[PDB]
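A.B. asks:
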Ligand SMILES: *[C@@H]1O[C@H](CO)[C@@H](O[C@@H]2O[C@H](CO)[C@@H](O[C@@H]3O[C@H](CO)[C@@H](O)[C@H](O)[C@@H]3O)[C@H](O)[C@H]2NC(C)=O)[C@H](O)[C@H]1NC(C)=O
Ligand SMILES: *[C@@H]1O[C@H](CO)[C@@H](O)[C@H](O)[C@H]1NC(C)=O
Ligand SMILES: *[C@@H]1O[C@H](CO)[C@@H](O)[C@H](O)[C@H]1NC(C)=O
Ligand SMILES: *[C@@H]1O[C@H](CO)[C@@H](O)[C@H](O)[C@H]1NC(C)=O
Ligand SMILES: *[C@@H]1O[C@H](CO)[C@@H](O)[C@H](O)[C@H]1NC(C)=O
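Numbering (the deposited numbering), first residue to last: 27 to 245, 279 to 1152, 1191 to 1474.
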């Protein structure tokens, strides 16, 4: 009965058959569920269900009956099925099939509905007698993201099927059995089924907003009554309303959805009931008022993760983790409590801290490091104080001078290499001369003959003659001979003068092979380099025992730690830890290790892989119950307990050497439980045989006095291959992402490898690996666990590993730190302190719940509107517990909620009267008749959405006008999910920086140019607009491919995860594709793209003009603007539009404008980056679109573009603007008119702020401008605009009209070519005499009148009507066509 508004969203691809959708949703990533269901439908079991409802009904009985899902998992299935999560996954198959399969399968297809692909041969029959073709193109056997494999088999078989028909069932069974036997491995790919219709897909999981566009007024429903500004209590009274109700959850939803309407309805019926000013005892301890914060089992979630898709994926990952834990008899409540424990979080913070290695000469008896300094005895520093209090009493970024030993830097240098030598001579010495408070040492590198000799030479020269003489040889050699090889012509000259009085033990001269000097010194040096792995292609520098690889600007890194170490000393001083007679460098060396392993302590800190241990012994029970196992001792303690697994190729020396060390390590440590997995490179001979050889010797293991006893044990015995073992073996490696013939080590779930050489991992290396690992992962689990009194649940080394391995996996973020939020992955328990009686309410059983949600919502917030709606639907799930906290603010200067909100989402699917799946819509009932509203879509981050069907103005909605024009009080609008984003964050390799100005191309097998974009400075950001399918990213041919080669697109994560050295992107989700690509510079380049060492016209048009309109009037005026151009030029024109701000009425009309006026048009858009600062006010968004994304909004093929405002009219042939010389400037603008005489008062750009800032420069107009795009990108102007905007935008009153203000604020930095004023006319600021020579007219605002825009046009321009008539009759001609 009430006046309503209905909004629906539909995808850009047709709806896949429901059957296949349920298969995919059902078996998320468990393959067994997939094929176990694929059997069921190949019976013809699902043939008897006629309707989607019945079909859906059937799946529930099946899953429950076959043991696939429990209540918790079934409930999760329904929600994910509502969300239609599996539909893009299915469309991936189709797009792949349409674009790579069909054009590479030459011949005549008839009867080949289904067909296996074997050895590039197609078989249309199960009986497999005849093969139709040799398939053209690249291999289809590449395993890609949407693939599934069933069984292990040498041969690989693929079936492209249309499951829908009965023709499928026999084909399946042929290969299911073939895989069951073990002949080959089975996988299914899809074929678009023509039994189904081409109807588009109706989506859900988004939000709709109705924004009040007039907020100025403040002192069933007609209009909101504006109430006297007693805003301050809204949050507080609003919070009480709910608490009082006692059906609280529903109140908040009902209140929060229509909140603007209920503002004046609050403060009534002795309203405050402020018992809860009590709970700011809650505020006093933890969070600030009016802040929204969500936690999921301690995990603090960012806003972007708080959508239905983001949340479904989190539960899925979390339950897998918890279920693993609760097979050891822990309640969901106990499990979570252990995960978020204080001792656990402390450990993460603990090894976020730096680990140091002992850089001293002590082991090598002081004969390896050749220092250029001594700060306690150098008579340069003599002037300085040797006092501790010099350190402690410091502030700033300046280096404190001191005569003390406190900071050291040891840099290993190769004396053959010029660049290396140059470091010492220029780099190291300047620092000395400069009186820096750092001691500088260097140790030569000995990887070649010449290097060995030159270390000897320099070492000798130091020993007898001294530092200066040695220094001297080095300096002279660098300039003089310019090579590593020793030069006597250079050497002898040095001794000639520098050989005066070589003290102590005498010089021997001429030739060196001192038994001691060559042996001891060089081999001691080698022992130092080897010990700390300070050599290779990339050497390692040690500052205060902290490894810094010799790359990029390592001194920048050193300076960072130098200040960070100083602050570490200061704090010990204020606690009085320090004293005057102390060796300060040993404050750092307290916990330092003598030996450094790059595997255990990788210098890429992120590099860490942990596996779920319970999973490993559950999935591969067949394998792990038949591996040689050394049980850890009967009589050893819980603290001693640890579990180790060695994966090695026993057909290689390195593989068997590695195991000997592991066995040795086991003899010493009684607490460890060892497992041996034989992973061979060549699988011609069964892996089961060598495993069977050892399990017989299992009892006798580690009784190998010598290595050959192990070697011999491998050779002897006759065995029968357990081919069941072999199958589980190759499944394990596939699950664990391990290659064949690769060596790996696993202690308590953590993987290190591949081990190329067994010398890398020795007995001593296992000991530290256990020592370190023990500390972090095991000791925080043990304490925490015991604190809760769950320490009864640990029954052995394997029992313990399950827990420790699970809790290590809990703290690994999905999102790399520094991108979406800087904050680390630390699970807080800090809200448990909070009193709950009067602000909290809980939903779901805590006793049974596996999922625990903690929401802190401010009722007055607009963000809260979304949060409540989503959380209500996730609360409906069984096995989920939710607890809500309401926290309003007293600080309300402006109206808090200025919109109505509806979230389109259901917890379980809805069905038709005819049993089809119900589409979901946002229906607003009882909308005020007199309020002007704006329709907005609050869509998940990866989505790009535009209006498709609407007859109304969504920018200016009013029921009274629609009623008086259309006769209906009911509004319906349909949107289209046109694109889904592929977005990523780039980095250069190895010295990781964002490559800006790099150009990229997206491609498909059908077309080599889907899309193109350029790399941004901020986070090496880039994006593409695409739909489900298989794509590839190639650097654009030109300068980009000249300078770089991209090793990878980061599709597996930040990584590098092995197996990701790929450039293939696929999108099979509503979350799009997130990528972290890597690019390494080609041989010796410090080059830059941005600086140099008829195309666009042909592709597009003579003239390229772009614009935006945000109303029916402005779109009507835009039609006139385009026409005026056309009449005024005998040239070719192409028009460009900002797609999402335009009406469907306008969108449906243009082809008709294009046919009549003879122009070309193209729709463009870009999605506002997540890092870039948003605009809550739509008009401001629009302005941002014209200036912020100029370089990335238009294809690279476009040389230049021109912006013309919608209200404008042009009498000029527009080419002239193209030909206008810009004098090497990126863009050109026209200034403000000075010509009108008496207008001055309203000329605000002659005031203090604008005249002080614009010293001599003009105040420009954003109605018309030229962008020399090629130059724009070349100058990388965009990046500067974007970062200045982001920086300025922190202040809300910063840019009145950003579009005009940003180019004006940046004209110092970025040149603006100024235009002849023949180019702009405006009555308000230009004289009437001026318009004779006027080229174009903007209709700028009155403001000494109130005459409106429609009036100015008719009065100001007589030919405006002529243009309007032309459009008017055509629109009617179309309507009557
Ligand atoms: C992937 O799906 C399969 C099949 O649905 C899951 O396997 C099933 O796991 C259950 C345990 O949840 C097995 O039941 C029993 O487990 C106990 C464990 O102690 C064991 O002692 C019993 O003998 C029995 O196996 C069940 O047999 C097994 N298969 C089926 C058809 O139910 C598997 O857990 C799923 N994987 C993931 C990642 O969840
Ligand atoms: C209702 O509020 C008024 C004003 O604060 C107060 O005088 C009155 O006592 C309240 N009613 C009750 C039942 O306490
Ligand atoms: C929680 O309430 C109790 C009882 O009034 C009080 O003693 C305690 O301090 C409160 N906690 C906080 C942090 O306000
Ligand atoms: C304190 O002074 C003593 C005495 O000279 C010295 O041996 C030591 O380095 C200092 N610190 C401690 C912990 O004794
Ligand atoms: C278009 O072409 C005609 C014929 O050559 C010419 O007379 C006319 O002036 C041209 N239009 C304009 C405005 O340049």
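Quick reminder that beta carbons are idealized off the backbone N, C-alpha and C, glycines included.
Who does residue 786 pair with in a DSSP beta bridge?
C.D. replies: Numbered from 1 along the chain shown, position 727 holds the residue referred to as residue 786. Residue 786 is not bridged to any residue.
A.B. asks: So what's residue 333 in DSSP terms, helix, strand or just coil?
C.D. replies: By 1-based counting over the chain shown, the position of residue 333 is 274. Here residue 333 sits in coil by DSSP.
A.B. asks: My parser needs the alpha helix (DSSP H) runs of 4 or more residues fully inside the stretch 706-744; what are they?
C.D. replies: 712-727
A.B. asks: Leaving aside the five residues before and after residue 870 along the sequence, list all residues of the same chain whose C-beta is less than 6 Å from its C-beta, in chain order.
C.D. replies: Taking the first residue of the chain shown as position 1, residue 870 is located at position 811. Correct list, in chain order: 407 and 884.
A.B. asks: For residue 388, name the three-state secondary structure that DSSP assigns.
C.D. replies: Translated into the one-based positions of the chain shown, residue 388 becomes position 329. Residue state, collapsed to three classes: coil.
A.B. asks: Taking the continuous beta strand (DSSP E) assigned at residue 1062, which residues delimit it?
C.D. replies: Position 1003 of the chain shown, counting from 1, holds the residue named residue 1062. Where residue 1062 is concerned, the enclosing beta strand (DSSP E) stretches over 1058-1062.
A.B. asks: Run the CB neighbour count on residue 89, radius 10 Å, all protein chains shown included, and call it buried at 16 or more, exposed below.
C.D. replies: Locating residue 89 in the chain shown gives position 63, where the first residue counts as 1. Classification of residue 89: buried, given that the 10 Å Cβ count is 16 or more.
A.B. asks: Quick check: the Cα distance between residue 704 and residue 738, rounded to an integer number of angstroms?
C.D. replies: Numbered from its first residue, the chain shown carries residue 704 at position 645. Numbered from its first residue, the chain shown carries residue 738 at position 679. Straight-line Cα distance between these residues: approximately 12 Å.
A.B. asks: Buried or exposed: which applies to residue 633, given that a residue is buried once 16 or more other Cβ atoms fall within 10 Å of its Cβ?
C.D. replies: Counted from its first residue, the chain shown places residue 633 at position 574. In the assembly as shown, residue 633 is an exposed residue. Its beta-carbon has fewer than 16 other beta-carbons within 10 Å.
A.B. asks: Compute the Euclidean distance between the alpha carbons of residue 501 and residue 427, then round it to the nearest angstrom.
C.D. replies: Walking along the chain shown from the start, residue 501 turns up at place 442. Walking along the chain shown from the start, residue 427 turns up at place 368. Their Cα atoms are separated by approximately 9 Å.
A.B. asks: Write down the C-beta distance between residue 451 and residue 316 rounded to the nearest angstrom, noting that I regard them as a contact closer than 8 Å.
C.D. replies: Translated into positions along the chain shown, residue 451 becomes position 392. Translated into positions along the chain shown, residue 316 becomes position 257. At roughly 59 Å, the Cβ-Cβ gap does not stay under 8 Å, so residue 451 and residue 316 are not in contact.
A.B. asks: Is the Cβ-Cβ distance between residue 449 and residue 418 less than 9 Å?
C.D. replies: As a first step, residue 449 is located in the chain shown; it is residue number 390 there, counting from the start. As a first step, residue 418 is located in the chain shown; it is residue number 359 there, counting from the start. Contact: no.
A.B. asks: Would you say the beta carbon of residue 1313 comes nearer than 8 Å to a heavy atom of ligand 5?
C.D. replies: What you label residue 1313 is simply residue 1216 of the chain shown in a count that begins at 1. No, Cβ of residue 1313 sits at least 8 Å from all heavy atoms of ligand 5.
A.B. asks: My output table needs one value for residue 318: the three-state DSSP class, helix, strand or coil.
C.D. replies: On the chain shown, position 259 is the one that residue 318 refers to. Helix.
A.B. asks: Return the CA-CA distance between residue 114 and residue 872, expressed in angstroms with no decimal places.
C.D. replies: Start at 1 with the first residue of the chain shown, and residue 114 comes out as number 88. Start at 1 with the first residue of the chain shown, and residue 872 comes out as number 813. If you take the alpha carbons of residue 114 and residue 872, they lie about 25 Å apart.
A.B. asks: Go through the residues and name those whose CB comes closer than 6 Å to any heavy atom of ligand 4, in chain order.
C.D. replies: 638, 640 and 641
A.B. asks: Which complete alpha helix (DSSP H) runs does the stretch 63-106 hold, if anything under 4 residues is left out?
C.D. replies: 78-91
A.B. asks: Using CA coordinates, which residue listed in 967, 925, 1376 and 901 is at the minimum distance from residue 1074?
C.D. replies: The sequence position of residue 1074 within the chain shown is 1015, counting from 1. Here the closest residue by C-alpha is 1376.
A.B. asks: Taking the straight line between their C-alpha atoms, what separation do you get for residue 1395 and residue 1280?
C.D. replies: Your numbering for residue 1395 matches position 1298 in the chain shown. Your numbering for residue 1280 matches position 1183 in the chain shown. When rounded, the distance between both Cα atoms is 6 Å.
A.B. asks: Kindly examine ligand 2 and report whether one of its heavy atoms sits closer than 8 Å to the Cβ of residue 230.
C.D. replies: For the purposes of this step, residue 230 is taken as residue 204 along the chain shown, with counting starting at 1. No.
A.B. asks: Please report the Cβ distance between residue 590 and residue 599, rounded to the nearest whole angstrom; I am assuming they are in contact, meaning their Cβ atoms lie under 8 Å.
C.D. replies: As a position in the chain shown, residue 590 is number 531, starting the count at 1. As a position in the chain shown, residue 599 is number 540, starting the count at 1. Rounded, the Cβ-Cβ distance is 11 Å, inconsistent with contact.
A.B. asks: Report back the beta-carbon spacing between residue 1309 and residue 1433 to the nearest angstrom; my notes put them in contact at under 8 Å.
C.D. replies: For the purposes of this step, residue 1309 is identified with residue 1212 of the chain shown, where counting begins at 1. For the purposes of this step, residue 1433 is identified with residue 1336 of the chain shown, where counting begins at 1. Confirmed, about 6 Å.
A.B. asks: Buried or exposed, going by whether 16 or more other CB atoms sit within 10 Å of the CB of residue 1149?
C.D. replies: By one-based count along the chain shown, residue 1149 stands at place 1090. It counts as exposed.
A.B. asks: With distances taken between CB atoms, is the gap from residue 657 to residue 473 smaller than 9 Å?
C.D. replies: For this step, residue 657 is matched to residue 598 along the chain shown. For this step, residue 473 is matched to residue 414 along the chain shown. In this structure, residue 473 does not lie closer than 9 Å to residue 657 by Cβ.
A.B. asks: Enumerate in chain order the residues of its own chain whose CB-to-CB distance from residue 340 is below 8 Å, with the five nearest sequence positions on each side excluded.
C.D. replies: Locating residue 340 in the chain shown gives position 281, counting from the first residue. Correct list, in chain order: 894.
A.B. asks: If you draw a straight line from the C-alpha of residue 1100 to the C-alpha of residue 1094, how long is it?
C.D. replies: Locating residue 1100 in the chain shown gives position 1041, counting from the first residue. Locating residue 1094 in the chain shown gives position 1035, counting from the first residue. Roughly 6 Å separates the two Cα atoms.
A.B. asks: Using 10 angstroms around the beta-carbon of residue 559, count the other beta-carbons present and answer buried if the total reaches 16, otherwise exposed.
C.D. replies: Counting from 1 along the chain shown, the entry for residue 559 is found at position 500. When all chains shown are included, residue 559 counts as exposed.
A.B. asks: Is residue 841 helix, strand or coil when you go by DSSP?
C.D. replies: Here residue 841 is taken as the residue at index 782 of the chain shown, counted from 1. Residue state for residue 841 is assigned as helix, using DSSP reduced to three classes.
A.B. asks: Entirely within the stretch 422-488 and at least 4 residues each: give me those alpha helix (DSSP H) ranges in chain order.
C.D. replies: Within the stretch 422-488, the complete alpha helix (DSSP H) runs of at least 4 residues fall at 447-451 and 477-481.
A.B. asks: What residue does the alpha helix (DSSP H) around residue 1071 start on, and which one ends it?
C.D. replies: If you number the chain shown from 1, residue 1071 lands on position 1012. Premise fails: residue 1071 lies in the beta strand (DSSP E), 1070-1073, not in any alpha helix (DSSP H).
A.B. asks: List in chain order the residues whose CB is within less than 6 Å of at least one heavy atom of ligand 5.
C.D. replies: Output, sorted by chain position: 1225, 1227 and 1310.
A.B. asks: Return the residue from the list 969, 919, 135 and 224 that minimises the CA-CA distance to residue 956.
C.D. replies: On the chain shown, position 897 is the one that residue 956 refers to. Here the closest residue by C-alpha is 919.
A.B. asks: Using DSSP's beta-bridge definition, name the partner residues of residue 1418.
C.D. replies: Here residue 1418 corresponds to residue number 1321 of the chain shown, with the count starting at 1. 1434.
A.B. asks: Using the Cβ count rule (16 or more neighbours within 10 Å means buried), how would you classify residue 111?
C.D. replies: On the chain shown, position 85 is the one that residue 111 refers to. Its Cβ being crowded by 16 or more others within 10 Å, residue 111 is buried.
A.B. asks: In the DSSP output, which residue or residues are listed as bridge partners for residue 144?
C.D. replies: Your numbering for residue 144 matches position 118 in the chain shown. Paired residues: 147.
A.B. asks: Using the Cα positions of residue 439 and residue 1285, report the straight-line distance between them to the nearest angstrom.
C.D. replies: By 1-based counting over the chain shown, the position of residue 439 is 380. By 1-based counting over the chain shown, the position of residue 1285 is 1188. Rounded to the nearest angstrom, the two C-alpha atoms are 55 Å apart.
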